[PDB]
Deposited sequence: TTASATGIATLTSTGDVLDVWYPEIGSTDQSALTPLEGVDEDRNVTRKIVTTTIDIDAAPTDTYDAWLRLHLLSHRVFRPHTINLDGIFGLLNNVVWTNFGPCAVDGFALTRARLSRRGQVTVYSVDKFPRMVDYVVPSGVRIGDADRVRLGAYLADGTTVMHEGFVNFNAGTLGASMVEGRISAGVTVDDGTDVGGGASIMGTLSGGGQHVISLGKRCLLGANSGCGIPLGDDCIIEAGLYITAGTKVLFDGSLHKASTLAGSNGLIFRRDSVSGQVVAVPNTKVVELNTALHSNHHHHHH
C-alpha cells in the first residue's frame, strides 16, 4: 500500500534521526506541528517537519520510513505482519528517552549536564523503540504501566494491558483481550483471548479466539480457538503431550482448537484434553 503522513522529526547535528511523530496518518495538515519546530541547544537537536511516503510492502530504506511503519501499526491502520519491517533494527537509532525528549546516546553525559540546569533529568528508557503512548494512544484501550507497550504494538479496541503485560512491536491484540503477560514481537492473539499474569508467548506464533493462558504459563506453539494452558505450565514446541492415549510433540498440535493443556499433578505428565462446553 502507498502510505503517507506528515510528521515532525528530531535530528542530531550530524543528521541522525532520533524520532518522528506523526499525529495523524494520511493528512498534510501542519498546524499542529509548526509550533514544535526549532532547535534545542541543550540536546543539540533540531525538530523539523517532514512528509514521508512509503510502500508498505517494500523493506524500509531510511529511519523516517521505519518510524512511519511503527506508527501505522499503533494507529491500527495496519495489523501485525501486514507491513514489511525487514531491516528495521538497523535503521532505528539507540536513543535516551528523557523527560526533555529524545537525546543522542553519544555525548549524553554532556547533554545531561546541560539539561540539569533546566530541571531534574529523568531517563525513562534507552532503546531503539520508544513507549507507544508517547506517540499514539489508540481508542478503547487501557495500559497500566505504559513503559511496557512499544511503539509498533497493535492494541485493538477493548484491550487492557495490565502492569504485568508487555506488548512488543509488530504484535498485539486483534480484538478485546486482557493482557497480563508477554506478547513477543510478531505474536498476535485474537478476540477474547486472555493472557494471564506473567504468562509468556514466544515469537510464527499466534493464538486464536477465546484462549486462556493461565498465570505464569507459557506458549511456544500456535493455538487455534478456545484453548487453555494451565497456570504454571509452559508448552514448548518440543514438549511431548498425551492426548487420547498417544504422545504428540506439541509442535504437531499447532493451531488446534478446543484443547486444555495441564500437567497432571499426580503423575507429572503433560496432557491435553478436550475443552468440553465448548
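Judged by missing C-alpha atoms, the gaps in the deposited chain sequence fall at residues 204-211, 287-302, listed in sequence order.
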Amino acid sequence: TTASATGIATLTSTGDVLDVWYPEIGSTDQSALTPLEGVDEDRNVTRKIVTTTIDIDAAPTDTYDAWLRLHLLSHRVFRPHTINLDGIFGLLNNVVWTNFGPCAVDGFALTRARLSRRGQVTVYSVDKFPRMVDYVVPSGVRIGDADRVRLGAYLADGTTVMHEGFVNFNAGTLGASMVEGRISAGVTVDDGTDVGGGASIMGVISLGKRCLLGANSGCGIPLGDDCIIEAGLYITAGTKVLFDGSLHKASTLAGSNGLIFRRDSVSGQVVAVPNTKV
From here on, numbers count along this sequence of modelled residues.
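The PDB entry records a higher mean C-alpha B factor for 35-43 than for its counterpart among 35-43 and 206-214.
Stretches 114-122 and 164-172 differ in mean C-alpha B factor, with the higher average recorded for 114-122. As recorded in the PDB entry, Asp106 shows the highest C-alpha B-factor of the residues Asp106, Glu180, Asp127, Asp147. Out of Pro80, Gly101, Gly90, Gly198, it is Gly90 whose C-alpha atom has the highest B-factor in the PDB entry. In the PDB entry, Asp65 places in the middle third of its chain by CA B-factor. Per the deposited record, the Cα B-factor of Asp225 falls in the lowest third when ranked against the other modelled residues of its chain. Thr236: CA B factor in the middle third of modelled residues in this chain (values from the PDB entry). Split the chain's modelled residues into thirds by C-alpha temperature factor. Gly152 is in the lowest one. Among the modelled residues of the chain, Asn84 sits in the middle third by CA temperature factor in this PDB entry.
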